[PDB]
Amino acid sequence: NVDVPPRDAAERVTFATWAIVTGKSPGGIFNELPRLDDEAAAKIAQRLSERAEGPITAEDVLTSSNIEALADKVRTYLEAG
Ligand SMILES: [Zn+2]
Ligand SMILES: [Zn+2]
């Protein structure tokens with residue numbers, strides 16, 4: 001199995017935001033994500049909300065299995081902008 005890098009704007013910003021806040025890259029868009037504390041989840045959510053210009057919550061971040069899933073939420077906002 002091989003890591004899949006981010007494919008579009010939504011995946012790149014989501015992947016990068018996760019890595020920046022936690023200090024560790026998710027590896028790829030399908031990799032299982034490590035568990036976060038609520039502060040890291042809130043920061044990721046705030047940053048994604050600002051960039052996507054739509055509401056992304058700490059719960060959205062916490063319930064995402066991988067970056068692809070979280071980026072899907074971000075993508076819905078980018079295409080509606
Ligand atoms: Zn890897
Ligand atoms: Zn998808």
# chains A, B, ... in the order shown; residues from 1 in each chain; ligands from 1
call {"tool": "residues_near_ligand", "arguments": {"ligand": "ligand 2", "cutoff": "9 Å", "atoms": "only C-alpha atoms and all ligand atoms", "output": "JSON, numbers by chain"}}
result
{"A": [68, 69, 70, 71, 72, 73]}
call {"tool": "write_last_selection", "arguments": {"atoms": "N, CA and C atoms", "output": "PDB file, in the first residue's frame"}}
result
ATOM      1  N   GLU A  68      -9.230  12.553   3.336  1.00  0.00           N
ATOM      2  CA  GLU A  68     -10.191  12.567   2.227  1.00  0.00           C
ATOM      3  C   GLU A  68     -11.598  12.916   2.745  1.00  0.00           C
ATOM      4  N   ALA A  69     -11.993  12.299   3.860  1.00  0.00           N
ATOM      5  CA  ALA A  69     -13.321  12.538   4.477  1.00  0.00           C
ATOM      6  C   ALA A  69     -13.490  13.976   4.964  1.00  0.00           C
ATOM      7  N   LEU A  70     -12.476  14.497   5.634  1.00  0.00           N
ATOM      8  CA  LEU A  70     -12.538  15.869   6.117  1.00  0.00           C
ATOM      9  C   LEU A  70     -12.514  16.859   4.946  1.00  0.00           C
ATOM     10  N   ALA A  71     -11.693  16.568   3.941  1.00  0.00           N
ATOM     11  CA  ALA A  71     -11.578  17.455   2.783  1.00  0.00           C
ATOM     12  C   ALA A  71     -12.886  17.527   1.992  1.00  0.00           C
ATOM     13  N   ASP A  72     -13.669  16.444   2.013  1.00  0.00           N
ATOM     14  CA  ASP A  72     -14.985  16.409   1.360  1.00  0.00           C
ATOM     15  C   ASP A  72     -15.890  17.510   1.915  1.00  0.00           C
ATOM     16  N   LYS A  73     -15.843  17.715   3.235  1.00  0.00           N
ATOM     17  CA  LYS A  73     -16.645  18.764   3.883  1.00  0.00           C
ATOM     18  C   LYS A  73     -16.159  20.135   3.435  1.00  0.00           C
TER      19      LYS A  73
END
call {"tool": "residues_near_ligand", "arguments": {"ligand": "ligand 1", "cutoff": "10 Å", "atoms": "only C-alpha atoms and all ligand atoms", "output": "list in words"}}
result
residues 1, 2, 3, 4, 5, 25, 26, 27, 28 and 31 of chain A
call {"tool": "write_last_selection", "arguments": {"atoms": "C-alpha atoms", "output": "mmCIF file, in the first residue's frame"}}
result
data_model
loop_
_atom_site.group_PDB
_atom_site.id
_atom_site.type_symbol
_atom_site.label_atom_id
_atom_site.label_comp_id
_atom_site.auth_asym_id
_atom_site.auth_seq_id
_atom_site.Cartn_x
_atom_site.Cartn_y
_atom_site.Cartn_z
ATOM 1 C CA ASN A 1 0.000 0.000 0.000
ATOM 2 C CA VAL A 2 1.202 3.540 -0.887
ATOM 3 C CA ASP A 3 0.404 7.039 0.479
ATOM 4 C CA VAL A 4 -1.856 9.149 -1.743
ATOM 5 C CA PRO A 5 -0.906 12.825 -1.757
ATOM 6 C CA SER A 25 1.890 14.928 8.468
ATOM 7 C CA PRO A 26 -1.135 12.616 7.971
ATOM 8 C CA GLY A 27 1.064 10.762 5.414
ATOM 9 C CA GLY A 28 -1.619 10.509 2.755
ATOM 10 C CA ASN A 31 -4.276 7.071 6.066
#
call {"tool": "residues_around", "arguments": {"residues": "region 59-67 of chain A", "least_positions_apart": "5", "cutoff": "8 Å", "atoms": "only C-alpha atoms", "output": "VMD selection string"}}
result
chain A and resid 11 14 to 15 26 28 to 33 35 to 36 41 44 to 45
call {"tool": "residues_around", "arguments": {"residues": "region 78-81 of chain A", "least_positions_apart": "2", "cutoff": "12 Å", "atoms": "only C-alpha atoms", "output": "ChimeraX atom specification"}}
result
/A:8-11,13,48-55,71-76
call {"tool": "write_last_selection", "arguments": {"atoms": "N, CA, C and O atoms", "output": "compact mmCIF listing (two decimals), in the first residue's frame"}}
result
# COMPACT_ATOMS: atom_id res chain seq x y z
N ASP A 8 -6.54 17.88 -4.87
CA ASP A 8 -7.08 19.19 -5.24
C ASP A 8 -6.88 20.21 -4.13
O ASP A 8 -6.30 19.89 -3.09
N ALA A 9 -7.36 21.42 -4.36
CA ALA A 9 -7.23 22.50 -3.39
C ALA A 9 -7.76 22.11 -2.00
O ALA A 9 -7.09 22.35 -1.00
N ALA A 10 -8.94 21.48 -1.97
CA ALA A 10 -9.58 21.07 -0.72
C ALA A 10 -8.72 20.08 0.06
O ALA A 10 -8.51 20.23 1.27
N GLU A 11 -8.19 19.08 -0.64
CA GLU A 11 -7.32 18.11 0.01
C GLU A 11 -5.99 18.70 0.47
O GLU A 11 -5.52 18.34 1.55
N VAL A 13 -5.27 21.91 1.35
CA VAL A 13 -5.46 22.77 2.52
C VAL A 13 -5.79 21.94 3.77
O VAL A 13 -5.33 22.27 4.85
N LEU A 48 -9.69 25.73 8.91
CA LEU A 48 -10.43 25.26 7.73
C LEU A 48 -11.66 26.10 7.46
O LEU A 48 -11.98 26.36 6.31
N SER A 49 -12.34 26.53 8.53
CA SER A 49 -13.53 27.37 8.40
C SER A 49 -13.17 28.71 7.75
O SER A 49 -13.88 29.21 6.88
N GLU A 50 -12.05 29.28 8.18
CA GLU A 50 -11.59 30.56 7.61
C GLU A 50 -11.26 30.43 6.12
O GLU A 50 -11.68 31.25 5.31
N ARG A 51 -10.53 29.38 5.77
CA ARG A 51 -10.13 29.15 4.38
C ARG A 51 -11.28 28.71 3.47
O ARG A 51 -11.39 29.20 2.35
N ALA A 52 -12.13 27.80 3.95
CA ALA A 52 -13.27 27.33 3.15
C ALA A 52 -14.45 28.32 3.13
O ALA A 52 -15.33 28.21 2.27
N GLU A 53 -14.45 29.27 4.08
CA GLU A 53 -15.53 30.26 4.26
C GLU A 53 -16.89 29.59 4.49
O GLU A 53 -17.93 29.99 3.95
N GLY A 54 -16.84 28.54 5.30
CA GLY A 54 -18.02 27.78 5.69
C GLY A 54 -17.68 27.14 7.02
O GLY A 54 -16.50 26.99 7.34
N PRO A 55 -18.70 26.74 7.80
CA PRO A 55 -18.43 26.19 9.13
C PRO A 55 -17.94 24.75 9.19
O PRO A 55 -18.63 23.82 8.75
N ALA A 71 -11.69 16.57 3.94
CA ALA A 71 -11.58 17.46 2.78
C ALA A 71 -12.89 17.53 1.99
O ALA A 71 -13.16 18.55 1.37
N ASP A 72 -13.67 16.44 2.01
CA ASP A 72 -14.98 16.41 1.36
C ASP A 72 -15.89 17.51 1.91
O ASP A 72 -16.61 18.16 1.15
N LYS A 73 -15.84 17.72 3.23
CA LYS A 73 -16.64 18.76 3.88
C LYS A 73 -16.16 20.14 3.43
O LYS A 73 -16.95 21.01 3.10
N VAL A 74 -14.84 20.31 3.39
CA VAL A 74 -14.24 21.55 2.93
C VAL A 74 -14.61 21.85 1.47
O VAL A 74 -14.93 22.98 1.12
N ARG A 75 -14.58 20.81 0.64
CA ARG A 75 -14.84 20.95 -0.79
C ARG A 75 -16.25 21.46 -1.07
O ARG A 75 -16.43 22.29 -1.95
N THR A 76 -17.23 20.98 -0.30
CA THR A 76 -18.63 21.42 -0.50
C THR A 76 -18.74 22.93 -0.36
O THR A 76 -19.50 23.56 -1.08
call {"tool": "atom_distance", "arguments": {"atom1": "CA of residue 20 (chain A)", "atom2": "CA of residue 58 (chain A)"}}
result
15.8 Å
call {"tool": "residues_around", "arguments": {"residues": "residue 21 (chain A)", "least_positions_apart": "4", "cutoff": "10 Å", "atoms": "only C-alpha atoms", "output": "PDB file with N, CA and C atoms, in the first residue's frame"}}
result
ATOM      1  N   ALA A  16      -2.507  19.960   4.788  1.00  0.00           N
ATOM      2  CA  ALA A  16      -1.552  20.925   5.316  1.00  0.00           C
ATOM      3  C   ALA A  16      -1.959  21.470   6.678  1.00  0.00           C
ATOM      4  N   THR A  17      -3.247  21.764   6.846  1.00  0.00           N
ATOM      5  CA  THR A  17      -3.709  22.307   8.121  1.00  0.00           C
ATOM      6  C   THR A  17      -3.536  21.285   9.245  1.00  0.00           C
ATOM      7  N   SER A  25       2.637  15.151   9.702  1.00  0.00           N
ATOM      8  CA  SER A  25       1.890  14.928   8.468  1.00  0.00           C
ATOM      9  C   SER A  25       0.959  13.714   8.579  1.00  0.00           C
ATOM     10  N   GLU A  39      -8.175  20.909  21.727  1.00  0.00           N
ATOM     11  CA  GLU A  39      -7.539  22.178  21.318  1.00  0.00           C
ATOM     12  C   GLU A  39      -7.021  22.093  19.882  1.00  0.00           C
ATOM     13  N   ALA A  40      -6.383  20.971  19.549  1.00  0.00           N
ATOM     14  CA  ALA A  40      -5.876  20.754  18.191  1.00  0.00           C
ATOM     15  C   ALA A  40      -7.051  20.657  17.220  1.00  0.00           C
ATOM     16  N   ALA A  41      -8.102  19.958  17.637  1.00  0.00           N
ATOM     17  CA  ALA A  41      -9.289  19.826  16.771  1.00  0.00           C
ATOM     18  C   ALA A  41      -9.936  21.192  16.513  1.00  0.00           C
ATOM     19  N   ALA A  42     -10.010  22.037  17.549  1.00  0.00           N
ATOM     20  CA  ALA A  42     -10.604  23.377  17.434  1.00  0.00           C
ATOM     21  C   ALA A  42      -9.791  24.270  16.519  1.00  0.00           C
ATOM     22  N   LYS A  43      -8.463  24.202  16.637  1.00  0.00           N
ATOM     23  CA  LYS A  43      -7.579  25.000  15.782  1.00  0.00           C
ATOM     24  C   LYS A  43      -7.671  24.582  14.322  1.00  0.00           C
ATOM     25  N   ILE A  44      -7.691  23.280  14.062  1.00  0.00           N
ATOM     26  CA  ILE A  44      -7.822  22.791  12.692  1.00  0.00           C
ATOM     27  C   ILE A  44      -9.167  23.276  12.133  1.00  0.00           C
ATOM     28  N   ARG A  47      -9.171  27.085  11.377  1.00  0.00           N
ATOM     29  CA  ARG A  47      -8.394  27.363  10.161  1.00  0.00           C
ATOM     30  C   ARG A  47      -9.111  26.923   8.898  1.00  0.00           C
TER      31      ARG A  47
END
call {"tool": "select_by_dssp", "arguments": {"residues": "region 5-69 of chain A", "states": "alpha helix (DSSP H)", "output": "PyMOL selection string"}}
result
chain A and resi 9-22+38-52+58-62+67-69
call {"tool": "decode", "arguments": {"residues": "region 23-45 of chain A", "atoms": "N, CA, C and O atoms", "output": "compact mmCIF listing (two decimals), in the first residue's frame"}}
result
# COMPACT_ATOMS: atom_id res chain seq x y z
N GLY A 23 1.75 19.15 14.02
CA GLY A 23 3.19 19.00 13.86
C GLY A 23 3.60 17.68 13.21
O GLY A 23 4.78 17.37 13.14
N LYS A 24 2.62 16.90 12.73
CA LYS A 24 2.89 15.62 12.07
C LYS A 24 2.01 15.44 10.84
O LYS A 24 0.78 15.54 10.92
N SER A 25 2.64 15.15 9.70
CA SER A 25 1.89 14.93 8.47
C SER A 25 0.96 13.71 8.58
O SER A 25 1.33 12.71 9.18
N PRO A 26 -0.25 13.80 8.00
CA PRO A 26 -1.14 12.62 7.97
C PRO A 26 -0.58 11.48 7.10
O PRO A 26 -1.10 10.37 7.16
N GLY A 27 0.44 11.76 6.29
CA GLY A 27 1.06 10.76 5.41
C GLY A 27 0.43 10.73 4.04
O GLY A 27 1.10 10.86 3.02
N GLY A 28 -0.88 10.55 4.01
CA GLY A 28 -1.62 10.51 2.76
C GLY A 28 -3.06 10.80 3.06
O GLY A 28 -3.44 10.92 4.23
N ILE A 29 -3.87 10.91 2.01
CA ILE A 29 -5.28 11.26 2.17
C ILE A 29 -6.17 10.11 2.65
O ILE A 29 -7.28 10.35 3.11
N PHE A 30 -5.69 8.87 2.55
CA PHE A 30 -6.49 7.73 3.03
C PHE A 30 -5.98 7.14 4.34
O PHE A 30 -6.65 6.30 4.93
N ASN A 31 -4.82 7.60 4.83
CA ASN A 31 -4.28 7.07 6.07
C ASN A 31 -5.18 7.35 7.26
O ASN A 31 -5.77 8.44 7.36
N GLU A 32 -5.29 6.37 8.16
CA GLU A 32 -6.03 6.56 9.40
C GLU A 32 -5.39 7.71 10.17
O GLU A 32 -4.18 7.80 10.28
N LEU A 33 -6.22 8.60 10.69
CA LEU A 33 -5.71 9.75 11.43
C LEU A 33 -5.57 9.44 12.91
O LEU A 33 -6.39 8.72 13.47
N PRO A 34 -4.53 10.00 13.55
CA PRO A 34 -4.36 9.81 14.97
C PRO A 34 -5.40 10.60 15.75
O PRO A 34 -5.97 11.56 15.21
N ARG A 35 -5.62 10.22 17.01
CA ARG A 35 -6.61 10.89 17.84
C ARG A 35 -6.07 12.26 18.27
O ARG A 35 -4.88 12.39 18.57
N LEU A 36 -6.92 13.27 18.25
CA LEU A 36 -6.53 14.62 18.65
C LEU A 36 -7.17 15.02 19.96
O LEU A 36 -8.17 14.43 20.37
N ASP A 37 -6.57 16.01 20.63
CA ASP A 37 -7.20 16.58 21.81
C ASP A 37 -8.15 17.66 21.29
O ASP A 37 -8.14 17.96 20.09
N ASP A 38 -8.97 18.24 22.15
CA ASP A 38 -9.96 19.21 21.67
C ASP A 38 -9.34 20.54 21.21
O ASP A 38 -9.91 21.21 20.36
N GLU A 39 -8.18 20.91 21.73
CA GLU A 39 -7.54 22.18 21.32
C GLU A 39 -7.02 22.09 19.88
O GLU A 39 -7.23 23.01 19.09
N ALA A 40 -6.38 20.97 19.55
CA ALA A 40 -5.88 20.75 18.19
C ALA A 40 -7.05 20.66 17.22
O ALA A 40 -7.03 21.23 16.13
N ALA A 41 -8.10 19.96 17.64
CA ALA A 41 -9.29 19.83 16.77
C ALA A 41 -9.94 21.19 16.51
O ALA A 41 -10.31 21.48 15.37
N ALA A 42 -10.01 22.04 17.55
CA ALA A 42 -10.60 23.38 17.43
C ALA A 42 -9.79 24.27 16.52
O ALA A 42 -10.36 25.02 15.73
N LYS A 43 -8.46 24.20 16.64
CA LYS A 43 -7.58 25.00 15.78
C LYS A 43 -7.67 24.58 14.32
O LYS A 43 -7.75 25.43 13.44
N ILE A 44 -7.69 23.28 14.06
CA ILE A 44 -7.82 22.79 12.69
C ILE A 44 -9.17 23.28 12.13
O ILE A 44 -9.24 23.81 11.03
N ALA A 45 -10.21 23.12 12.93
CA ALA A 45 -11.56 23.53 12.52
C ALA A 45 -11.64 25.04 12.22
O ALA A 45 -12.19 25.44 11.20
